[PDB]
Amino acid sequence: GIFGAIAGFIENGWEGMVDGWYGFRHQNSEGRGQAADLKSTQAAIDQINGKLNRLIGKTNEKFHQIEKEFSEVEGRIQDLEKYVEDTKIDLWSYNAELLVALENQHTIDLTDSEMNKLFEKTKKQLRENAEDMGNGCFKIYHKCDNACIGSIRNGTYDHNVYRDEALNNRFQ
C-alpha cells in the first residue's frame, strides 16, 4: 500500500476477475466488458513464487543431537541442555515471525507496484487523449469501441489517430 493502488485510488476489488489478478473494465457505446492483463498478473505470481521457493523446499538434516526431555533431575548439565534448546527454539521462532511479517509486507507492496505499473502503462499509452479521475478509471474523450479498447489492452494504441477529437472534447 506504499503506492496506494489496491487500497488507494482503486477503492474496490472485482470478484468477477477470475481470469487474472489485474484487469481492464471498459464502458462504451457497445456496452461493458471485463478483460484480464496477464503480464501484470504473472509479473506478480512469479515474484511470490520465487519467494515461496526460497522458503519452501529448503530443509536441514539433523541426525544425532542432545537430549531434549529428561526424567530425573540432575543439575548443571541438564539445565545447560535445557537452556541451549530453549534459546534455539526462541531464536528460530523470532526468525519465523520476522520472516512472515517482512515477506507479507513485501507481498502487499509488490502487488501495489504491479497495479500502479499497469496504471502508469495505460496512462502513458493514452497520452493527451484521456484523463484520470483518481479512482483508477480513465476518461477517453474520443469514441472508443471494443476494438480500440482491445488496442489499449494489447498495446497497439496510436494516440495520433484520435488526438484531435480528444483535444477538442477536452478543451472545448
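One rule holds for the numbers: they count along the sequence shown, beginning at 1.
Trainee: Mean CA temperature factor from the deposited coordinates, higher in 67-75 or in 83-91?
Mentor: 67-75 has the higher mean C-alpha B-factor.
Trainee: Per the entry, where is the mean C-alpha temperature factor higher: 51-59 or 124-132?
Mentor: According to the PDB entry, the answer is 51-59.
Trainee: Looking at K117, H106, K39, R32, which has the biggest Cα B factor in the entry?
Mentor: Reading the PDB entry, the winner on C-alpha B-factor is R32.
Trainee: If you rank the chain by CA B-factor, which third does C137 end up in: lowest, middle or highest?
Mentor: Its C-alpha B-factor belongs to the middle third of this chain's values.
Trainee: Ranked by Cα temperature factor within the chain, is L110 in the lowest third, the middle third or the highest third?
Mentor: Bottom third by C-alpha B-factor.
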